[PDB]
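Okay, work-v1.cif now, which holds mmCIF, C-alpha atoms and all ligand atoms:
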```
data_coords
#
loop_
_atom_site.group_PDB
_atom_site.id
_atom_site.type_symbol
_atom_site.label_atom_id
_atom_site.label_comp_id
_atom_site.auth_asym_id
_atom_site.auth_seq_id
_atom_site.Cartn_x
_atom_site.Cartn_y
_atom_site.Cartn_z
ATOM 1 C CA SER A 1108 -16.950 1.670 -6.687
ATOM 2 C CA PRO A 1109 -14.074 -0.777 -7.448
ATOM 3 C CA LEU A 1110 -13.915 -2.891 -10.652
ATOM 4 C CA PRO A 1111 -15.615 -6.299 -10.102
ATOM 5 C CA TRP A 1112 -12.856 -8.120 -12.045
ATOM 6 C CA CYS A 1113 -9.531 -7.496 -13.671
ATOM 7 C CA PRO A 1114 -7.265 -9.567 -15.950
ATOM 8 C CA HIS A 1115 -4.557 -9.744 -13.251
ATOM 9 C CA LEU A 1116 -6.580 -11.718 -10.663
ATOM 10 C CA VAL A 1117 -4.888 -14.797 -12.054
ATOM 11 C CA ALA A 1118 -1.645 -13.631 -10.417
ATOM 12 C CA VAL A 1119 -3.159 -13.544 -6.883
ATOM 13 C CA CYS A 1120 -1.437 -16.326 -4.888
ATOM 14 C CA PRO A 1121 -2.180 -18.145 -1.624
ATOM 15 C CA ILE A 1122 -0.898 -16.290 1.563
ATOM 16 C CA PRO A 1123 2.359 -17.095 3.395
ATOM 17 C CA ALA A 1124 2.820 -20.020 5.735
ATOM 18 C CA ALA A 1125 2.832 -17.669 8.764
ATOM 19 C CA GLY A 1126 -0.398 -15.833 7.669
ATOM 20 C CA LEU A 1127 -0.497 -11.989 7.321
ATOM 21 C CA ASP A 1128 0.810 -9.354 9.729
ATOM 22 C CA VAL A 1129 -0.871 -6.043 9.091
ATOM 23 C CA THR A 1130 1.743 -4.321 11.324
ATOM 24 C CA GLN A 1131 4.627 -5.661 9.195
ATOM 25 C CA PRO A 1132 6.828 -2.716 8.162
ATOM 26 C CA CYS A 1133 8.075 -1.757 4.682
ATOM 27 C CA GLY A 1134 10.777 -4.170 3.610
ATOM 28 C CA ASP A 1135 12.932 -1.386 2.093
ATOM 29 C CA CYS A 1136 12.647 1.595 4.492
ATOM 30 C CA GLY A 1137 11.050 0.036 7.578
ATOM 31 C CA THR A 1138 8.213 2.587 7.797
ATOM 32 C CA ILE A 1139 5.193 1.481 9.825
ATOM 33 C CA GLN A 1140 2.931 3.807 7.809
ATOM 34 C CA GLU A 1141 0.839 3.218 4.678
ATOM 35 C CA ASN A 1142 2.098 -0.281 3.905
ATOM 36 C CA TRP A 1143 0.683 -2.630 1.335
ATOM 37 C CA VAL A 1144 1.200 -6.359 0.828
ATOM 38 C CA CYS A 1145 1.880 -7.843 -2.594
ATOM 39 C CA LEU A 1146 -0.723 -10.427 -3.501
ATOM 40 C CA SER A 1147 1.746 -12.391 -5.682
ATOM 41 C CA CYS A 1148 4.783 -12.707 -3.389
ATOM 42 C CA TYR A 1149 3.559 -11.271 0.002
ATOM 43 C CA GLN A 1150 6.424 -8.862 0.424
ATOM 44 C CA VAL A 1151 5.323 -5.657 2.218
ATOM 45 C CA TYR A 1152 6.215 -2.172 0.964
ATOM 46 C CA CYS A 1153 5.092 1.390 1.566
ATOM 47 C CA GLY A 1154 2.676 3.587 -0.299
ATOM 48 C CA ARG A 1155 3.235 6.489 -2.645
ATOM 49 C CA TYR A 1156 2.812 9.155 0.080
ATOM 50 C CA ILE A 1157 5.633 7.682 2.255
ATOM 51 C CA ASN A 1158 8.548 6.407 0.100
ATOM 52 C CA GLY A 1159 6.809 4.683 -2.780
ATOM 53 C CA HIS A 1160 8.411 1.277 -2.302
ATOM 54 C CA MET A 1161 5.355 -0.711 -3.400
ATOM 55 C CA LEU A 1162 5.240 1.220 -6.688
ATOM 56 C CA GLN A 1163 8.961 0.390 -7.051
ATOM 57 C CA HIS A 1164 8.200 -3.270 -6.317
ATOM 58 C CA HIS A 1165 5.560 -3.236 -8.996
ATOM 59 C CA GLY A 1166 8.108 -1.817 -11.471
ATOM 60 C CA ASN A 1167 10.861 -4.282 -10.626
ATOM 61 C CA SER A 1168 8.737 -7.445 -10.399
ATOM 62 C CA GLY A 1169 5.694 -6.719 -12.543
ATOM 63 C CA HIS A 1170 3.444 -7.963 -9.765
ATOM 64 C CA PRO A 1171 -0.003 -6.478 -10.309
ATOM 65 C CA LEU A 1172 -2.196 -6.426 -7.218
ATOM 66 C CA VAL A 1173 -1.543 -5.130 -3.736
ATOM 67 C CA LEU A 1174 -3.687 -5.015 -0.549
ATOM 68 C CA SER A 1175 -3.712 -2.007 1.829
ATOM 69 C CA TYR A 1176 -3.003 -2.580 5.474
ATOM 70 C CA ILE A 1177 -4.904 0.654 6.223
ATOM 71 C CA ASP A 1178 -8.265 -0.152 4.680
ATOM 72 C CA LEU A 1179 -8.015 -3.613 3.020
ATOM 73 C CA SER A 1180 -8.666 -2.322 -0.458
ATOM 74 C CA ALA A 1181 -6.828 -3.918 -3.383
ATOM 75 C CA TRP A 1182 -5.161 -1.872 -6.132
ATOM 76 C CA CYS A 1183 -4.034 -3.136 -9.500
ATOM 77 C CA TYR A 1184 -1.086 -1.147 -10.889
ATOM 78 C CA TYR A 1185 -1.779 -2.218 -14.512
ATOM 79 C CA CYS A 1186 -5.493 -1.404 -14.501
ATOM 80 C CA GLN A 1187 -4.890 1.686 -12.239
ATOM 81 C CA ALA A 1188 -8.003 0.887 -10.244
ATOM 82 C CA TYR A 1189 -9.299 -0.775 -7.164
ATOM 83 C CA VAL A 1190 -10.674 -4.306 -7.652
ATOM 84 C CA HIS A 1191 -12.955 -6.459 -5.552
ATOM 85 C CA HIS A 1192 -13.716 -10.052 -6.450
ATOM 86 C CA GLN A 1193 -14.181 -13.469 -4.899
ATOM 87 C CA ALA A 1194 -10.471 -14.241 -5.521
ATOM 88 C CA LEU A 1195 -9.639 -11.493 -3.020
ATOM 89 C CA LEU A 1196 -12.114 -12.416 -0.246
ATOM 90 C CA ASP A 1197 -9.829 -14.858 1.662
ATOM 91 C CA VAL A 1198 -6.828 -12.513 1.809
ATOM 92 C CA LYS A 1199 -9.107 -9.582 2.814
ATOM 93 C CA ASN A 1200 -10.761 -11.679 5.530
ATOM 94 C CA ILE A 1201 -7.426 -12.903 6.953
ATOM 95 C CA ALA A 1202 -6.066 -9.364 6.963
ATOM 96 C CA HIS A 1203 -9.221 -8.045 8.616
ATOM 97 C CA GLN A 1204 -9.011 -10.669 11.365
ATOM 98 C CA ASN A 1205 -5.353 -9.824 12.052
ATOM 99 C CA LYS A 1206 -6.062 -6.054 12.021
ATOM 100 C CA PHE A 1207 -9.165 -5.779 14.131
ATOM 101 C CA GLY A 1208 -8.540 -8.834 16.377
HETATM 102 O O1 LIG B 1 -4.069 10.545 -7.779
HETATM 103 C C1 LIG B 1 -4.077 10.479 -9.005
HETATM 104 O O2 LIG B 1 -3.118 10.947 -9.786
HETATM 105 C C2 LIG B 1 -5.235 9.921 -9.776
HETATM 106 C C3 LIG B 1 -5.306 8.412 -9.892
HETATM 107 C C4 LIG B 1 -4.884 7.664 -8.666
HETATM 108 N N1 LIG B 1 -3.700 7.165 -8.541
HETATM 109 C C5 LIG B 1 -3.642 6.305 -7.440
HETATM 110 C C6 LIG B 1 -2.561 5.490 -7.146
HETATM 111 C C7 LIG B 1 -2.694 4.510 -6.162
HETATM 112 N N2 LIG B 1 -1.715 3.574 -5.871
HETATM 113 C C8 LIG B 1 -2.135 2.727 -4.989
HETATM 114 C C9 LIG B 1 -1.281 1.581 -4.557
HETATM 115 C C10 LIG B 1 -0.456 1.904 -3.338
HETATM 116 C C11 LIG B 1 0.667 2.859 -3.628
HETATM 117 O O3 LIG B 1 1.611 2.580 -4.330
HETATM 118 O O4 LIG B 1 0.524 4.017 -3.042
HETATM 119 S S1 LIG B 1 -3.760 2.967 -4.392
HETATM 120 C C12 LIG B 1 -3.894 4.371 -5.453
HETATM 121 C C13 LIG B 1 -4.974 5.242 -5.674
HETATM 122 C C14 LIG B 1 -4.831 6.189 -6.705
HETATM 123 S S2 LIG B 1 -6.048 7.210 -7.446
HETATM 124 ZN ZN ZN B 2 9.277 2.074 2.176
HETATM 125 ZN ZN ZN B 3 5.392 -9.064 -5.283
HETATM 126 ZN ZN ZN B 4 -5.549 -5.479 -13.344
#
```
Would you mind giving the structure from this file in structure tokens?
Ligand SMILES: O=C(O)CCc1nc2cc3nc(CCC(=O)O)sc3cc2s1
Ligand SMILES: [Zn+2]
Ligand SMILES: [Zn+2]
Ligand SMILES: [Zn+2]
Amino acid sequence: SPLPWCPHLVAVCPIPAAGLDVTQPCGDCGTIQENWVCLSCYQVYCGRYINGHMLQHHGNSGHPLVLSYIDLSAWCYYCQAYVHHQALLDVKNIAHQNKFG
């Protein structure tokens, strides 16, 4: 049951020119596992169970919201919750198309 809104949705940006690549590896360690994409700047970094690079990215940029390339959920690091909202539908849909074909 994600939150239906959070105060950080305002920081969600339009996706890169080239679209999304759900097989893009972590920009720091290159892992192919458990990556997330940043919904502000669209850099890709790994989850807390691999090397924690997305949490590091959150700390060093302040960017709030990230989308999972495993299950297309969106986490806000400030609110410490999952969020779903209209503002996230396009990025979720584009990711889902790229993932499942
Ligand atoms: O496990 C606990 O201590 C209880 C509360 C939780 N912390 C989480 C952190 C978390 N970070 C996410 C973004 C991706 C990443 O950096 O791994 S999704 C996600 C889900 C949970 S549930
Ligand atoms: Zn990494
Ligand atoms: Zn970012
Ligand atoms: Zn938030």
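The spacing separating atom CA of residue 1198 of chain A from atom CA of residue 1171 of chain A amounts to 15.2 Å.
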Item to complete: Residues within 10 Å of ligand ZN 3 (chain B) should be enumerated using all atoms listed in the file and returned as an MDAnalysis selection string.
Response: chainID A and resid 1118:1120 1144:1152 1161 1164:1173
Discussion item. I need the residue nearest residue 1192 of chain A from this list: A:1154, A:1108, A:1130, A:1113. Use only C-alpha atoms for the distance.
Written reply: A:1113
Item to complete: Enumerate as number ranges by chain the residues within 12 Å of ligand LIG 1 (chain B), counting all atoms listed in the file.
Response: A: 1109, 1133, 1140-1145, 1151-1166, 1170-1190
Item to complete: Give the answer as one residue: which of A:1191, A:1131, A:1138, A:1202 has the shortest atom-to-atom distance to ligand ZN 4 (chain B), using all atoms listed in the file?
Response: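 Once distances to ligand ZN 4 (chain B) are computed over all atoms listed in the file, the minimum belongs to A:1191.
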Worksheet item: Just how far from atom CA of residue 1135 of chain A is atom CA of residue 1197 of chain A, in Å to one decimal?
Response: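 Going from atom CA of residue 1197 of chain A over to atom CA of residue 1135 of chain A, I get 26.5 Å.
For the set A:1203, A:1124, A:1116, A:1111, the residue with the smallest atom-to-atom gap to ligand ZN 4 (chain B) is A:1116, counting all atoms listed in the file.
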Item to complete: Mind giving me the straight-line distance from atom CA of residue 1110 of chain A to atom ZN of ligand ZN 2 (chain B) in Å, one decimal?
Response: 27.0 Å
